[PDB]
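Everything below concerns the one structure shown next.
Lettering follows sequence order; numbering is per chain, from 1. We use all heavy atoms of the structure for the numbers below, so side chains are in, but hydrogens, waters and symmetry mates are not.
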Amino acid sequence: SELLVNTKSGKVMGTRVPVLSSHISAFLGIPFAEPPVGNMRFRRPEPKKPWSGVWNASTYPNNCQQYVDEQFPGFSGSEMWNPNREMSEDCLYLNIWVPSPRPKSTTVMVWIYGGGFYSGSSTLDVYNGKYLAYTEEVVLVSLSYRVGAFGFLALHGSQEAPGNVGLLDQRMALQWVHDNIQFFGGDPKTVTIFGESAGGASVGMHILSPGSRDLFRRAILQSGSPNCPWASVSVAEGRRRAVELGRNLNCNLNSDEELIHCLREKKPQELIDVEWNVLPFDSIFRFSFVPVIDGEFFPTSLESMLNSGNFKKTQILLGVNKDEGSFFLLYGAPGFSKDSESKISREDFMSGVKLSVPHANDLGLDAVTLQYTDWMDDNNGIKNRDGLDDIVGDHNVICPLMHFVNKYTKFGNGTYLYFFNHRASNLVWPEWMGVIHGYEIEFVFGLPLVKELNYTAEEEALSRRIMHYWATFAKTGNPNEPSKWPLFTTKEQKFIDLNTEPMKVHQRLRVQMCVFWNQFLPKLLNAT
Amino acid sequence: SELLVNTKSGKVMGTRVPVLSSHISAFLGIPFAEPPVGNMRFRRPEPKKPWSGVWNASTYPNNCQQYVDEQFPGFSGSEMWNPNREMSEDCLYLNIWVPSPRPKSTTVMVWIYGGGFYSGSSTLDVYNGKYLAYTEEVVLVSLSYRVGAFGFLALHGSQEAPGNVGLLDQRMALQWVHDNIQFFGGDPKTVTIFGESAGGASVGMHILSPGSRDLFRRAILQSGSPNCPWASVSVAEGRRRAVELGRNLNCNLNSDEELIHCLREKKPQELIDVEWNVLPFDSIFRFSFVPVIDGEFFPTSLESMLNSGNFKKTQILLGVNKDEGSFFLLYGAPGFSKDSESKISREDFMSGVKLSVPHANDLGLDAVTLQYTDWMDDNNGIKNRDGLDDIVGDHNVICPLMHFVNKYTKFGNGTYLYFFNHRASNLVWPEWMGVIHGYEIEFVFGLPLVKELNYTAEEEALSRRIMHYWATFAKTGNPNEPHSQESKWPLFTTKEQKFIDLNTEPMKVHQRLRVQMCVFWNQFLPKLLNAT
Ligand SMILES: *[C@@H]1O[C@H](CO)[C@@H](O)[C@H](O)[C@H]1NC(C)=O
Ligand SMILES: *[C@@H]1O[C@H](CO)[C@@H](O)[C@H](O)[C@H]1NC(C)=O
Ligand SMILES: *[C@@H]1O[C@H](CO)[C@@H](O)[C@H](O)[C@H]1NC(C)=O
Ligand SMILES: *[C@@H]1O[C@H](CO)[C@@H](O)[C@H](O)[C@H]1NC(C)=O
């Protein structure tokens, strides 16, 4: 039968689900690893032990143990990102949507959630795969991975808490797709990994890492790349934070094994309560437990792998939003609110830059401040607010992504670049926040196609053309069916706007600020 | 008789000169110091000792010994700045223009020429003082001072060549005006010193130096201020260039005394032939022999004096031209010519920034480059040309002057700031050069009044209102006439920072002149170089 699929680890039973007057198959909460619980906390994932009889794949799995945002209780714009299922350390499951009737060997897209390596769930209303699966006739998989200490506690040298285990969760999920997706009508030789933020960074990390390269064909990175300043740390800093996590919980610090056993007897949420304490600075867009440059998952530094072309050579499709930084200013920077226009005094601007570039010395801070202050109108609260906004977005997302795209295009086989700047009509966040971090996701996932979601007709046209670009790219390495999204080349450097207006081609996305962040500031910081 | 005047130093006989179908008195080439020749080369000047009989003050004196520009031989554009009289070390003379008939006790303006402290003469056609003095009813003086080595060789510690003597030359001329200008109808209580470029720097230096303060009432600085990067050197760097001047001339370097003795035996042209060789780098807008921060003429660092208010407190009027830099790029940076549009390659842009900011480390160079490059359009020859044009101007003239004006205003009694941005209709330099260093001077001295010079009618009006501002300012401390109906040049205030444009259009008032770049030059870049 259509809903009963036989896989290499045992039988699973999906459920036929309705999509836009019509139906498809959904296989929810399929296990791909053993539950990383008890002794397995912090350890690499192990392949799920095969089961007998029929796994009930009709409802969403548990979400990983994470920090839960409660700045704005009841509020849909903050809550749409929080766990919608019970949280549990037993959380390594994947979900699949297959068009009905089951295609023969079709394009596979694997979704990887963001949330800064400290949160995220595969089960969010915004990641509901039915629309994209139905509309574009693809098999859609959303995986999961451990976040926070559980995913990224790094005590390098240990084999009990090596670090990177969350990236290995993702790799184990891709391995499973490699092994099993053929049984769902998926073509294991035509899988595109894609994800946003910590997920676009994760995608890029699998492009780098020798052990992941063979588990997929192509890649899409939305608003994140592997070289993001927040997306990794050294072995030393990982060890430092992990120790400091032990110290916070009055752990025996005498050795790695005592630290680890101590950290393993704590309740999940005892670890989260102190998670933010291990950071080195008062900071914004900085997360405690993240990937490590370990010599294993990553053979060398990210930079040197980019330069020597030590990475998967394929097509990539990637881009950014217009106001990446506004979510993080609202949450951690003085002067901003959800219920006001958020004009930023000169005083709050300065403390805003220190928060934003927390590794900078005072010369670096002056540099950033000068680069983003209009000195004719320095007391202008709106220019201060927009300037802070651009600092956060240029430094944390846009410029790192541009650095990556320039490095990659030099060795890859097809770059496609977008700048998404459509402000959704039904947005519940205030105008000042602009085109926000994550808000392209709704369109990628087909949500403007659902009538009661109260979107405009041309928002449904835009999401249709995004979905169609995304899946056509997934299928062929080219978002264009043969108006044309051109290749980004190292000479011409073209990208497109993604909004409701007809398509415009531009060149050198934010070159001026990105030379400052990618070339001049690193140089000044290295020198002083 | 108007023409024969008795000064404290001896009698003097002027000459009647025609001006604009009228006439006035001119006393040319009056000595104010002993000829600094022989064992007095490099020495502090000495008062002209009195003479008997009548000094013929009817022709222009000699020009001081200087490098003579010959990049464009016969070209009026460059040649107007060359000495127009025989050069001689015997050159310390002053000129006076006095309205006819002689005023009872009127406003006095003393002109201090520029030319980088290495050149200049009081006798150029562009400094003809007859039109200003005639038109504004002022007593107009032009002084001279020793330039290059002869005026600034600085061997701190020695009293034979202590440095700054060109500036002391200037002081003696002012002391003489103080003493004798009452005899020409001048009021020694109402003298304004004004000059352009090294001239403007000098004026600011007299504002700062305690020994000069009491010799004038008020000051106008044109395209130059004391704290300009090219206007002064440490004693260390001054001594170094002095010793290297010797090394070039094959001199006994065992001691200052032998060094000085050797230098005193060279003919002037020999000193000048090697003048440029003592600079520390390949540069543009750097000059070998300039004032030193010595602890005497300037008590402490110029910066510390500015911050502490250790300066004469008075009114000042000052400003800059739009394209200060173009002259110096033309003469010294790759890719520029006076016969083309001077579109600059990116290669030539980089080597142009190195030449323009020669003291900067590699990181400093990157910052300048980043600050003036449009990275959407980096191979644009027009934008590279203009960026380089702004770099030289912003670093060397405008931002220094802005620093001075902001610091000064904190303590002074009236600031008036201007932006001269009129490109003369009759200009012989190419259009890419724009509003050039020095070209406000012909307007200040009233040359457009003379029909044969073929300026437009609106240029004459511009010259007439510029002269009136300057002299009204000299008269009262404010360029605006009381209870006039004409548009009003507002005070620069530290909160508000207003300035006007100076051109043929009606007056625009603006605020914070070149703030964005001047924050880079005055705050950010100095922090960066001082990190190493
Ligand atoms: C699977 O689980 C759901 C709800 O937890 C239940 O309604 C459904 O019947 C289950 N399937 C079977 C056949 O056990
Ligand atoms: C991709 O690779 C093939 C051969 O290896 C080459 O012919 C093709 O042009 C490449 N495409 C791009 C756009 O790099
Ligand atoms: C002064 O010199 C000039 C020019 O040579 C001459 O016209 C004038 O008569 C001279 N005066 C006297 C009295 O010698
Ligand atoms: C100049 O000084 C006088 C008295 O000391 C003062 O009243 C006047 O306001 C000052 N003018 C300015 C513009 O600073």
Side-chain angles (χ1 to χ4, degrees), chain A residues 109-110 112 114 167 170 174 191-232 291 293 297-321 324 394-409 411-420 469-470 473-474 476-480 485-490 492-496 498 505-507 509-511 513-515 517-518 522:
Chain A
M109 296 172 93
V110 190
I112 305 171
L167 287 161
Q170 310 172 1
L174 302 174
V191 5
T192 279
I193 57 178
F194 70 135
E196 181 262 2
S197 201
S202 288
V203 163
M205 281 163 168
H206 290 302
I207 283 173
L208 296 164
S209 177
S212 302
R213 292 186 205 155
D214 283 309
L215 301 160
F216 65 103
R217 183 77 173 273
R218 298 199 253 267
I220 302 173
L221 293 76
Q222 302 159 211
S223 299
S225 38
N227 59 300
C228 274
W230 49 269
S232 63
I293 307 311
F297 193 97
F298 304 103
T300 46
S301 73
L302 308 171
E303 186 59 12
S304 64
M305 299 181 74
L306 294 169
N307 280 323
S308 64
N310 193 2
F311 52 78
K312 196 184 179 72
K313 257 77 136 187
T314 183
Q315 302 87 39
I316 58 154
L317 190 147
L318 74 179
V320 293
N321 297 353
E324 299 283 359
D394 295 349
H395 168 62
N396 281 299
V397 187
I398 305 199
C399 301
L401 174 150
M402 286 323 286
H403 181 66
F404 171 82
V405 68
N406 280 284
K407 292 275 125 116
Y408 191 82
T409 300
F411 285 96
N413 189 240
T415 298
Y416 294 91
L417 186 55
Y418 72 83
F419 180 76
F420 176 95
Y469 283 150
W470 257 233
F473 170 86
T476 66
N478 188 326
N480 303 291
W485 193 338
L487 262 20
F488 169 104
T489 57
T490 13
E492 256 130 299
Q493 296 172 58
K494 293 153 169 235
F495 68 92
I496 57 155
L498 240 23
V505 170
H506 312 275
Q507 285 171 272
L509 180 43
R510 262 165 120 54
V511 232
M513 294 309 111
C514 293
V515 177
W517 298 101
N518 294 342

Worksheet item: Taking it one step at a time, do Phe404(A) and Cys228(A) satisfy side chain to side chain contact (heavy atoms under 4.5 Å, CB included)?
Response: CA-CA 9 Å; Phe404(A) 171 82; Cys228(A) 274; over 6 Å; no
Practice prompt. Go through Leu509(A) and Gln493(A) one step at a time and tell me if the side chain to side chain contact (heavy atoms under 4.5 Å, CB included) criterion holds.
Written response: CA-CA 8 Å; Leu509(A) 180 43; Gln493(A) 296 172 58; over 6 Å; no
Item to complete: Test side chain to side chain contact (heavy atoms under 4.5 Å, CB included) on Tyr416(A) and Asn478(A) and set out the steps.
Response: CA-CA 8 Å; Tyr416(A) 294 91; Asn478(A) 188 326; 3.2 Å; yes
Worksheet item: Does the pair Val191(A) and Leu215(A) meet the rule for a side chain to side chain contact (heavy atoms under 4.5 Å, CB included), with working shown?
Response: CA-CA 8 Å; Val191(A) 5; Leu215(A) 301 160; over 6 Å; no
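The CE atom of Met109(A) sits 11.5 Å away from the CD1 atom of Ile193(A) when rounded to the nearest 0.5 Å. For the atom pair CG (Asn227(A)) and OG (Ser301(A)), the distance works out to 11.0 Å, reported to the nearest 0.5 Å. Here the CE atom belonging to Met402(A) is positioned 11.5 Å from the CZ atom belonging to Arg510(A), to the nearest 0.5 angstrom. Remark: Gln507(A) CD to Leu417(A) CG distance equals 11.5 Å, nearest 0.5 Å. Here the SG-CE distance, from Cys399(A) to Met513(A), works out to 8.5 Å after rounding to the nearest 0.5 Å.
A pairwise comparison of heavy atoms in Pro226(A) and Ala231(A) identifies O-CB, 3.9 Å as the closest pair. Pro400(A) and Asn518(A) get closest at one heavy-atom pair: N-OD1, 4.3 Å. Of all heavy-atom pairs spanning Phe473(A) and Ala219(A), the tightest one is CE2-O, 3.6 Å. Of all non-hydrogen atoms in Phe488(A) and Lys494(A), the two that sit nearest each other are CB-O, 3.5 Å. Residues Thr314(A) and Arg217(A) come closest through the heavy atom pair OG1-O, 2.8 Å. The two atoms that bring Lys312(A) and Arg213(A) nearest to each other are NZ-O, 2.7 Å, heavy atoms only.
Figure legend: cation-pi geometry between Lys407(A) and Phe311(A) absent, as NZ or CZ is not positioned both under 6.0 Å from the six-membered ring centre and within 45° of its axis.
Taking 4.5 Å as the limit, every side-chain heavy atom of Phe420(A) sits out of range of all side-chain heavy atoms of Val320(A). Side-chain contact between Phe298(A) and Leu167(A): present, with at least one pair of heavy atoms (C-beta onward) separated by less than 4.5 Å. Contact check for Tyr408(A) versus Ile207(A): side-chain heavy atoms found under the 4.5 Å cut-off. When side chains are defined from C-beta on, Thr415(A) counts as touching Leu318(A), because their heavy atoms get closer than 4.5 Å. In this structure, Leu302(A) and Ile293(A) have side chains that are in contact, with non-hydrogen atoms separated by less than 4.5 Å. Side-chain atoms of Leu317(A) and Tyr418(A), non-hydrogen and from C-beta on, do get closer than 4.5 Å to each other. Two residues are said to be in side-chain contact when any heavy atoms from C-beta on lie closer than 4.5 Å; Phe216(A) and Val110(A) fail this criterion. Looking only at side-chain heavy atoms (C-beta outward), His403(A) and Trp517(A) stay at 4.5 Å or farther from each other.
Ring centroids of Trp485(A) and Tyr469(A) are separated by less than 6.0 Å, placing the two rings close together.
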